[PDB]
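Working notes, structure below.
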Amino acid sequence: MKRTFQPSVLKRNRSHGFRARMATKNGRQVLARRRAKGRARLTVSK
Amino acid sequence: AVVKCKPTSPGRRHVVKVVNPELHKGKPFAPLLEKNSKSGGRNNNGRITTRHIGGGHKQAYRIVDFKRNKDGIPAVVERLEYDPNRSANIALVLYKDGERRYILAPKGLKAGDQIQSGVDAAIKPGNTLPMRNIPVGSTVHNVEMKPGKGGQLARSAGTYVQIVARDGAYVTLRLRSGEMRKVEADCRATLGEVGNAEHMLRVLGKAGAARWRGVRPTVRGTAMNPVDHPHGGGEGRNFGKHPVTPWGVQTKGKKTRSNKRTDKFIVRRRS
Amino acid sequence: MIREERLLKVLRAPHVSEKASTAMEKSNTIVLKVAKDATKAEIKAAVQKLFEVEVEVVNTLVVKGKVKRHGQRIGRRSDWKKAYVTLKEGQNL
RNA sequence: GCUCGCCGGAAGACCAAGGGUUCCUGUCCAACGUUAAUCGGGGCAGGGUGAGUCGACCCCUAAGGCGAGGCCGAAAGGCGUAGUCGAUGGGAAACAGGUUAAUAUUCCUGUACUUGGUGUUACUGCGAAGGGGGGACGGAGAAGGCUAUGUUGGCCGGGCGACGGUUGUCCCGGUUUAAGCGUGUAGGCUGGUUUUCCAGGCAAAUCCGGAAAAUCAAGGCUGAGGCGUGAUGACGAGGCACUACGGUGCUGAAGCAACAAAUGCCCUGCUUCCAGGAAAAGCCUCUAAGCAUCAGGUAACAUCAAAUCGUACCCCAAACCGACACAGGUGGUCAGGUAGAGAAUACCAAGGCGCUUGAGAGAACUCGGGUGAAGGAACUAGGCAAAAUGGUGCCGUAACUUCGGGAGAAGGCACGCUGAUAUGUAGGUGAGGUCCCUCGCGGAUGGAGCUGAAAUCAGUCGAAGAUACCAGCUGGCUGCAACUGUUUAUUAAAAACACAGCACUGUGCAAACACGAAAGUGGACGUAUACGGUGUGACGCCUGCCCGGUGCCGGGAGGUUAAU
RNA sequence: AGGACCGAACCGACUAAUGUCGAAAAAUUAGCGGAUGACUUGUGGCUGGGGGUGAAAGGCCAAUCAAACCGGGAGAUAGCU
């Protein structure tokens with residue numbers, strides 16, 4: 001019963017991290033759609 | 001060389017080894033080695049372009065001297081070796097000056113022979129020189145297609161190309177496929193067949209031997225579903241189609257060649 | 001050379017505790033509280049300048065912040081850096 | 001606290017990942033805890049994570065990512081050169097003891113070691129993005145040497161036993177010591193040294209590669225381990241003091257041999273096999289531009305520095321992934337005794353637990369088991385499930401066979417303990433002393449001691465000696481698939497898929513083909529003994545007729561026919 | 001030597017019972033197959049939606065797959081309830 005979420009902070013940050021978002025045009029627009037909604041935690045960094 | 005293996009195990013029952021006992025047992029010559037990472041068939045875009053590739057043993061790359069661009073300098077063979085990147089073997093040769101280079105191993109090239117390239121080469125096998133100094137009718141291998149290009153024809157195990165004619169600046173060559181083809185008289189070529197002519201006689205016995213040469217299984221489009229292959233579907237071994245590749249194009253006889261740039265050199269196409 | 005304007009900023013407070021008094025008695029170490037930045041060189045010079053003692057070696061460690069809730073809202077105390085400053089022989093005050 | 005019981009290749013111990021204070025102390029019992037709770041991984045407060053050497057960081061790179069310029073693309077952007085990042089790999093150095101309520105290779109005691117700086121002194125050619133070396137590499141097998149460790153004996157301390165006996169071949173406990181430093185072993189590999197030259201190592205090289213000549217035959221490298229020092233130190237069963245009755249205080253004897261021994265280490269070795277088994281820095285060396293008296297390099301001293309981050313705790317789980325204090329999942333490391341081939345299994349050690357509702361009762365019925373008269377598949381869709389067989393040695397073993405198999409076919413017999421052969425043998429180990437020498441960690445000896453199976457004979461006990469756990473049911477005919485394998489995560493594991501093998505077919509390399517508006521990439525750093533597609537599916541014997549339809553290959557007499 | 005044999009770790013999942021508001025949104029118990037290899041596993045990476053990958057089952061692509069999930073077109077449309 002290997003559940004789907006097997007955590008790893010390295011994989012987490014390289015996939016959904018801030019720098020991961022900011023690398024690409026489409027990700028720089030996820031941070032825009034989150035600053036829009038006014039999210040406290042923009043990305044996964046903690 | 002060609003030895004049938006005793007059936008002490010199913011999967012050993014049909015193996016036919018090719019045990020050439022003069023290959024240098026041990027490690028290759030380091031300065032002529034380099035990384036060679038398996039691709040998996042995958043390409044630039046990371047998608048499989050060539051199917052049924054991936055796996056098998058890790059194998060280094062042996063920088064083979066194909067140009068053979070050392071003239072006047074005689075070279076002595078010193079080691080016949082096993083190259084996993086070819087079907088032929090290779091032959092570490094040592095020049096008078098002190099350079100070592102792997103070359104394809106011809107049929108009679110044994111450790112101790114002497115060879116040299118350039119127009120002043122003798123026509124004993126293992127020598128390379130332009131197919132303007134080589135006599136018509138001779139058997140040659142490691143043929144170039146453009147002068148200095150490097151050597152692209154007759155490189156497999158036991159494959160050779162014979163200079164059939166010579167119409168001034170060009171040279172007709174009966175390629176191992178049966179097709180004749182003009183090749184500029186300056187295109188260098190090395191004499192005699194290539195070694196390891198028994199290569200074709202191994203039988204591999206089992207599926208794992210296909211595997212560890214980097215060959216993944218090949219599904220028959222008949223077994224697939226209508227979505228995967230043009231063949232496919234049908235409530236139990238139904239075909240009704242003309243045999244086509246997985247991409248619709250017809251196979252079982254359909255000329256896919258279209259070059260129009262090099263067909264001026266193809267004197268007589270293969271048979 | 002460390003500027004005294006920084007040396008007067010480094011040290012925060014003496015850390016008083018059972019283990020701190022224990023280290024003082026049986027090992028002549030003054031447990032301290034220093035700023036988070038606080039290189040060991042920073043701390044050693046600050047001690048030798050502001051207490052005028054002779055330090056043999058410093059051994060820092062960063063203490064994390066307890067997640068201390070206050071009522072319903074969740075809280076988080078701050079990280080701080082401890083400094084086990086071992087004096088040679090001289091004295092503490 | 002005593003007794004009982006459970007795990008003990010784990011249900012113990014240490015980690016990584018992940019978590020994030022759950023760690024320790026005091027304190028409280030509302031809520032949380034499937035019950036009560038004084039207790040807690042709960043609430044509140046305080047404390048606790050100490051590094052030149054252990055990880056990270058850092059240096060170097062793999063796959064891969066990004067990518068100045070560049071090429072391509074309606075725009076976004078795609079690809080990619082230099083370059084730059086990217087461990088899961090490569091790169092310097094610390095161990096033992098003690099100590100905390102909670103940290104320890106971090107603190108303290110002792111004993112080290114590494115890399116840089118900076119002077120000093122003395123010798124001095126130094127100088128890199130560049131050359132060369134090394135780093136640096138597989139699978140399997142076979143041993144031999146040793147160690148971890150264990151067992152026994154000795155030695156030391158203690159006891160002489162609640163019930164027959166227990167001054168003895170008696171019982172109990174201990175019998176530990178590291179890094180480092182110095183030897184340089186069992187071993188493994190290499191032939192050394194010198195002079196001369198050389199179209200090769202993108203220049204240069206005094207280095208590597210090469211050709212010789214001389215000259216010697218040994219030199220060199222690697223290396224477990226052991227041995228000495230480290231260490232007359234620590235540790236040490238216990239004893240004597242006092243009590244928070246929880247440990248601090250002091251002292252502390254012996255501290256050895258033999259045998260067995262690893263899956264650990266020599267071994268990145270050796271032997272072999274084909275499938276032919278990273279890179280790059282660190283390190284060594286060579287010169288270039290440059291200085292060349294300098295600078296810089298070397299060695300001895302002296303001192304300096306070694307930053308920052310992590311360090312508590314769980315980690316096969318109540319702390320991580322599963323909504324839960326969830327019978328699930330989770331990579332690595334260490335692995336004691338007896339019996340055992342064994343990391344199985346049984347019982348135990350160190351250690352840790354009794355799984356967070358109990359108390360009774362002793363209905364039906366359900367679940368997990370034990371036993372069963374006579375019969376023995378009559379059950380049933382079906383011997384489903386149970387039952388049964390189950391080990392080692394020797395004898396023996398059918399059709400068929402592709403000569404390997406089938407086969408552990410089938411079947412039969414023996415098995416405990418005691419004694420003798422032989423107060424323990426064959427074997428293994430191997431002491432002293434005796435020599436011999438290039439004297440060593442040497443060699444021949446030489447057999448004390450230890451260890452020690454197996455067998456034969458005789459006796460003896462039981463219903464039963466493979467006595468428990470553990471541990472094949474067997475045989476006949478037949479369909480299909482050659483076989484091993486893969487398969488529908490979560491109702492289908494098959495005859496399906498794959499396969500080796502066979503054939504047809506395309507493809508001459510700017511290969512076909514595929515991904516791509518393109519560039520480009522794979523194919524392949526391959527070259528027709530290669531590569532793709534399709535079908536069939538080992539092997540043996542073979543694979544017959546039909547070219548009308550459809551497709552493909554070619555042909556050109558004519559008909560028809562687009563843009564123009 | 002072996003895609004050899006028996007058999008633990010390890011991987012898998014053939015049968016049966018249980019469980020079926022479960023201890024568990026696929027497990028437990030007892031047996032079962034492979035167990036030096038077409039093996040298994042840790043870390044990191046690459047491939048993406050008419051697309052990927054597929055020893056091929058329409059299998060898998062985050063408990064979702066004959067076309068994922070999220071947001072939008074969007075208050076789709078619904079002679080139907």
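Cβ coordinates were reconstructed from backbone atoms using ideal geometry, including for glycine residues, and neighbour counts include every protein chain displayed. No value in this document is a laboratory result; all are computed from the given coordinates.
Observations on the model:
- In segment B:7-23, the residues that are part of a loop (DSSP other than H, G, I, E, B) and either within 14 Å of another protein chain (Cβ to nearest Cβ) or within 6 Å of RNA strand D (Cβ to nearest atom) (or both): B:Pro7, B:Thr8, B:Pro10, B:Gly11, B:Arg13, B:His14, B:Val19
- Consider segment B:183-213 and keep the residues that are of a type outside the set (A, V, I, L, M, F, W, C) and crowded, with 18+ Cβ neighbours inside 10 Å. The one that is nearest to RNA strand E (Cβ to nearest atom) is B:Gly205.
- Here C:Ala20 meets each of (1) in contact (Cβ under 8 Å) with a residue 40 or more places away in the chain; (2) surrounded by 15 or more Cβ atoms within 10 Å (Cβ to Cβ) with one exception, condition (1).
- If you go through segment B:223-253 and keep only what is touching a strand residue (DSSP E or B) at 6+ places or on another chain (Cβ under 9 Å) and either surrounded by 10 or more Cβ atoms within 10 Å (Cβ to Cβ) or in a strand (DSSP E or B) (or both), you end up with B:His229, B:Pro230, B:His231, B:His242, B:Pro243, B:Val244, B:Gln250, B:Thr251.
- Residue in segment B:78-101 that is near RNA strand D (Cβ under 6 Å from one of its atoms), assigned to a loop (DSSP other than H, G, I, E, B), touching a residue at least 40 places away in the same chain (Cβ under 8 Å) and in contact with a helix residue (DSSP H, G or I) (Cβ under 6 Å, 6 or more places away or on another chain) present: yes
- Residue check, C:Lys81 under 23 Å from A:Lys46 (Cβ atoms), in contact with an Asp or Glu (Cβ under 9 Å, 6 or more places away or on another chain) and not acidic (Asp, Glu): yes
- Candidates A:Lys25, A:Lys46, A:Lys2, A:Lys11, filtered to the one that is within 14 Å of chain C (Cβ to nearest Cβ) and within 14 Å of RNA strand D (Cβ to nearest atom): A:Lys46
- B:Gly55 being part of a loop (DSSP other than H, G, I, E, B), more than 6 Å from RNA strand D (Cβ to nearest atom) and free of Cβ contacts under 8 Å to residues at least 40 places away in the same chain: no
- For segment B:27-45, a residue qualifies if it is on the phi > 0 side of the Ramachandran plot and more than 6 Å from RNA strand D (Cβ to nearest atom), and exactly one does: B:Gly40.
- Any hit, segment B:59-71, residues being closer than 19 Å to B:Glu99 by Cβ, near RNA strand D (Cβ under 8 Å from one of its atoms), of a type in the set (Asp, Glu) and surrounded by fewer than 14 Cβ atoms within 10 Å (Cβ to Cβ): no
- B:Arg220 being exposed (fewer than 14 other Cβ atoms within 10 Å of the Cβ), closer than 30 Å to B:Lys182 by Cβ and free of Cβ contacts under 8 Å to residues at least 60 places away in the same chain: no
- One residue from C:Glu42, C:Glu56, C:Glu52 being more than 13 Å from C:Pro14 (Cα to Cα), away from RNA strand D (no atom under 11 Å from the Cβ) and charged (D, E, K, R): C:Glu52
- Filter result for B:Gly233 (more than 7 Å from RNA strand D (Cβ to nearest atom), touching a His at 6+ places or on another chain (Cβ under 9 Å) and on the phi > 0 side of the Ramachandran plot): no
- Given (1) without any contact (Cβ under 8 Å) to a residue 12 or more places away in the chain; (2) within 12 Å of RNA strand E (Cβ to nearest atom); (3) surrounded by fewer than 10 Cβ atoms within 10 Å (Cβ to Cβ), index of the condition B:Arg261 fails: (2)
- Condition check for B:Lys182: within 22 Å of the chain's Cα centre (by Cα), more than 14 Å from chain A (Cβ to nearest Cβ) and not hydrophobic (A, V, I, L, M, F, W, C): yes
Okay, residues lined up against (1) over 30 Å from A:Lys46 (Cα atoms); (2) surrounded by fewer than 13 Cβ atoms within 10 Å (Cβ to Cβ); (3) within 11 Å of RNA strand D (Cβ to nearest atom):
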{"residue": "C:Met1", "(1), (2), (3)": "yes, yes, no"}
{"residue": "C:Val16", "(1), (2), (3)": "yes, yes, yes"}
{"residue": "C:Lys26", "(1), (2), (3)": "yes, yes, yes"}
{"residue": "C:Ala35", "(1), (2), (3)": "no, no, yes"}
{"residue": "C:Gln48", "(1), (2), (3)": "yes, no, no"}
{"residue": "C:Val62", "(1), (2), (3)": "no, yes, yes"}
{"residue": "C:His70", "(1), (2), (3)": "no, yes, yes"}
{"residue": "C:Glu89", "(1), (2), (3)": "yes, yes, no"}
